[PDB]
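Below is one structure, written out as structure tokens, with a few remarks after it.
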Amino acid sequence: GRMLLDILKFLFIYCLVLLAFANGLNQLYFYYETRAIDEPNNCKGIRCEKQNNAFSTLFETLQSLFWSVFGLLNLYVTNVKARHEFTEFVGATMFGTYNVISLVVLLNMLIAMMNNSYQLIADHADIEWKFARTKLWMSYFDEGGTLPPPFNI
Amino acid sequence: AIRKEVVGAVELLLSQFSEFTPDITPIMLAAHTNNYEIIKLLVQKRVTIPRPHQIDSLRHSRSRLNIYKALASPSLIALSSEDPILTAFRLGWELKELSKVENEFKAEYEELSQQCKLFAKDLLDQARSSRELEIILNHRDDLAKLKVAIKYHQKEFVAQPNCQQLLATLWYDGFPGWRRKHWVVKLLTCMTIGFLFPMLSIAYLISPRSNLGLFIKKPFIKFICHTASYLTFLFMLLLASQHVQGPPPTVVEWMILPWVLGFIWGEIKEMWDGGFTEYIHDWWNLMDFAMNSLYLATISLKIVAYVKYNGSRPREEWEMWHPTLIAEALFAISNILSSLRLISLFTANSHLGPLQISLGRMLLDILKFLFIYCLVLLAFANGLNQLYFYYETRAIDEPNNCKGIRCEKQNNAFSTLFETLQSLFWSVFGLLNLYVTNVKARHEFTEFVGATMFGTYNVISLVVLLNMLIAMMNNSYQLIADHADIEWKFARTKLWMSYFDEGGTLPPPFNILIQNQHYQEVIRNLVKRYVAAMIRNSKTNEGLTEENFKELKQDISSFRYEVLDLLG
Amino acid sequence: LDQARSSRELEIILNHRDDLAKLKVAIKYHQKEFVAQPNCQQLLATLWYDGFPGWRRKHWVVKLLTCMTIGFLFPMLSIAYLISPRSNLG
Amino acid sequence: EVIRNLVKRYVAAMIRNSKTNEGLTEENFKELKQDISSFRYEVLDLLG
Ligand SMILES: CCCCCCCCCCCCCCCC(=O)OC[C@H](COP(=O)(O)O)OC(=O)CCCCCCCCCCCCCCC
Ligand SMILES: CCCCCCCCCCCCCCCC(=O)OC[C@H](COP(=O)(O)O)OC(=O)CCCCCCCCCCCCCCC
Ligand SMILES: CC(C)CCC[C@@H](C)[C@H]1CC[C@H]2[C@@H]3CC=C4C[C@@H](OC(=O)CCC(=O)O)CC[C@]4(C)[C@H]3CC[C@]12C
Ligand code: NA
Ligand code: NA
């Protein structure tokens, strides 16, 4: 719980990064939206068997760059039907630098950040723990002992 | 007698195995011992010190290290110098560059440079009023002494908290107690001043000398509504992403073009100042050159695409090097570079600042590692291209007329060198597959050898080198996280002090002898109470040693033999 | 080695055969602090950069240009010392 | 001729470093205590 507040200072910067690359990839691939009828099983976007239009809208692009932190996108995502090899290559390099920044740089900087925070937290532990244990204990000293299992009414 | 700080050097100034290099004069050793009384007793004898510069080799570097070791003492800077703050600054710089020149003796010249920085910082610690502090920080040989302190990279001098209070009152002028306010009131002032950048920037164009023309002259009212304006520009870039070969510009692009011209005129306005020395050394200005250069390339390819491309062809019939597609791709990359400039706005915030500057100080330690990893990339791509270059298949032979990776069927990854480097890049993440390393010709030995080469690439790159990068950033982040909050405040005073100058208007498109007597009168008091504080700290903090035991032993022994000689 | 206050003394130390004999014995017995002592590193650096007055004083772009232009000339510097060893290029 | 000088100024530097860097201990306290005590009994034995 004392390291979560140090993660939340970092997710703002990472969300700043997602915003950046979603702005770029939406700007590059918004010309290539296809209707849902044109793909098999009448399915559009990611969460399809055929990952078809991920960088089409801004919400689907934010989603797309979210799911690529884990190994859940594919390289056939960055293609278009129109076979434009320069824009598909530039989009794949934008997706590659997102993968380097988000997965190699920022994730391991978050690891080092939580090492240095966990070393500072783990000294003041067992008096930080006992304060919360006395708050939990001292919440049950009061007169209101009626049970929330509906006996409370 | 000078080594032991005995003031029985008055007798030796009154009236073969030297344990010193014979370059040592008494004032060099007096400065090495840092005793103020002996240095005063020898400076009152009018002795000199050589200047180090030149037109068998251990005596030369040893003697130069003795000369710079004596000049870097905080008592020869406190005495015999016109102002000790500029002397500590210039000596800190000359010892830092002199440590960078000589690979040997680096850890000693860096120690002397940190001594020179710590001395000047301890001179600011002795200022006990704000008239004294304003006489210090304004002394032109504006805030001249802070510009010189940032120029010579004096990070402990600037991050000293009295200087931070003075810079904070210069920063928040027109705000009685901004830090006393609650952060919701802070957020409402940031937002409501953020919306009014045309209402605060049309004034200072029509009425500069007015009640509103003097309101954007405040630097915190520069920072807010220079950066909320940038958030409106990035809002226009978000709006821009929501067939003609070369089209006329969109209404969004017509709104965006003078923002872009305000950025380019702003950066040319910064390249007129100084030269390509401070500009090109700053990474964010290099990122401004990349961003604005891609803006010039994008707008130029819109103009080229508008010229003599009159017809309309469908999108899937265009050539690969059509300047419309290149203008859209470079526009997207410039949107990534323009939308990553908000990371530089973190130094103004007290929570995100030291984090951002710690990440920036670990990036230079990652870039030393990506060279080694790229060598590994070159090694295994050489091997896998060499093994699989016999098995190239044409794009017609696969389904959907697709070749390489970025296909549904990952077919020819180790075919060319360019695709093999791309293949070993994408396998760091879980994005290749094991069907990649096959050939159509069913050669099980070469497919097995290629899969073992791919496996050792995965062990070296993912298990060995990635976790060595993790341990590397642990050990670097522990070293960086001690000097944070003075490394952060130096960059925050550079960001603050960038908004103190004359050129106030935003890039939204609107863009288009008495002093020396008072200073010596302050410096004399600071040196006097500094030296008093340092001898006080030497009395409190010096632990006792064996020679102090020998002094008491000789006092009791000599008094013993003297009483026995009187009574005998 | 820290007590050597001249380079005649340091060259008498590091050349003492019971060439650089005492450094070969120091590397042979894995004496890593002896060799990494900075006066020894200055002597090895002057033996290393002979024919370069102040290589470390130069800027790294000039260093890169000397590394590249001396790098291209390995036939022009290796055909000499095969035909004319005792020459200005050999 | 070089080794003799290096050994001589080495040993001088090491006894110098032992004088500077050795912290005081309890037996050094007992030495001062016996010096003042023995000088005390010697003066009391001369004046008695
Ligand atoms: C603090 C905020 C964030 C800090 C910013 C981070 C600093 C930037 C880090 C480097 C920038 C990313 C490099 C570009 C990625 C790319 O090239 O993108 C790779 C692209 C993407 O694939 P394509 O072939 O489809 O384009 O591939 C190529 O263009 C061919 C060249 C491949 C060679 C790349 C070698 C670089 C590898 C470095 C990372 C290796 C991972 C480490 C494993 C241990
Ligand atoms: C500083 C620069 C870089 C430093 C160099 C790094 C040192 C080298 C590290 C070891 C070399 C790689 C080993 C070869 C990989 C390989 O065998 O490649 C594995 C190959 C590849 O699969 P194929 O069967 O398809 O060829 O598999 C086999 O040949 C069958 C044997 C499998 C048993 C392998 C057991 C070794 C596993 C070690 C890594 C485990 C990961 C750790 C997880 C916690
Ligand atoms: C949520 C994700 C999508 C990022 C949101 C993008 C922007 C809305 C955020 C990213 C970083 C934020 C910035 C982070 C830090 C600052 C400094 C901050 O100022 C302070 O913290 C105090 C200033 C002072 O007192 O000196 C107010 C604006 C600003 C630019 C913030 C403005 C809003 C920014 C640009
Ligand atoms: Na700039
Ligand atoms: Na994975």
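Here are the numbers for this structure:
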item	result
Loop-located GluC sites (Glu not before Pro) in segment B:305-384 whose Cβ has at most 13 other Cβ within 10 Å (DSSP)	B:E319
Packing-based exposure ordering (other Cβ within 10 Å, fewest first) of D:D35, C:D50, C:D2	C:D50, C:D2, D:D35
Separation of alpha-carbon centers, segment B:286-323 and segment B:168-231, rounded to whole Å	38
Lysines whose Cα lies under 16 Å from that of A:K44, excluding same-chain neighbours fewer than 8 positions away	A:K81
Mean ellipticity per residue at 222 nm, deg cm²/dmol - from DSSP H runs of n ≥ 4 across the protein assembly as shown, formula -39500 (n - 2.57)	-19000 deg cm²/dmol
Two-site label geometry, B:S18 and B:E542: point separation in nm, points 7 Å out along Cα→Cβ	2.5
Shielding by partners, peptide A:103-110 (average Cβ within 10 angstrom, other chains)	5
Among the listed pairs B:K69/B:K121; C:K24/D:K8; B:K181/B:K494, those beyond 21 Å (Cα-Cα)	C:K24/D:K8; B:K181/B:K494
Shielding by other protein chains, B:550-560, mean Cβ within 10 Å	2
Dipole moment magnitude, nearest 20 debye, segment B:43-167 about Cα centre, only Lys, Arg, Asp, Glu C-beta charged	220
Cα shape, segment B:175-312, gyration tensor, a/c 1.5 rule	prolate
Exercise: per-residue mean of other protein chain Cβ atoms within 10 Å, C:41-54	1
Under 12 Å, Cβ to Cβ, from B:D273 - net charge with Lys/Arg +1 and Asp/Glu -1	-4
Cross-link pairs B:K45/B:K539; A:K9/A:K130; B:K147/B:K222 - those with Cα-Cα distance over 22 Å	B:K45/B:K539; A:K9/A:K130
Distance between modelled label sites at A:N115 and B:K106, nm, 7 Å Cα→Cβ extension	2.2
Hits among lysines - C-alpha to C-alpha of D:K33 under 17 Å, sequence gap 8 or more where chains match	B:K550, B:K553
GluC sites (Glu not before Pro) within segment A:1-70, DSSP loop, no more than 10 other Cβ atoms inside 10 Å	A:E49
Fewest-first sequence of B:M534, D:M14 by Cβ atoms within 10 Å of each Cβ	D:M14, B:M534
At least 30 Å along the helix axis (C-alpha) and Kyte average at least -0.5, DSSP helices within chain A	A:4-29
Exposure proxy order (Cβ contacts within 10 Å, fewest to most) of B:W171, A:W67	A:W67, B:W171
Whichever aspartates and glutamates have a C-alpha closer than 17 Å to that of B:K403, once near sequence neighbours (fewer than 8 apart) are set aside	A:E85, A:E88, B:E392, B:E419
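Each value in this text was obtained by applying a stated rule to the coordinates, not by laboratory testing. Note that each Cβ is placed from the backbone with ideal geometry, even for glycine, and that neighbours are counted across all protein chains shown.
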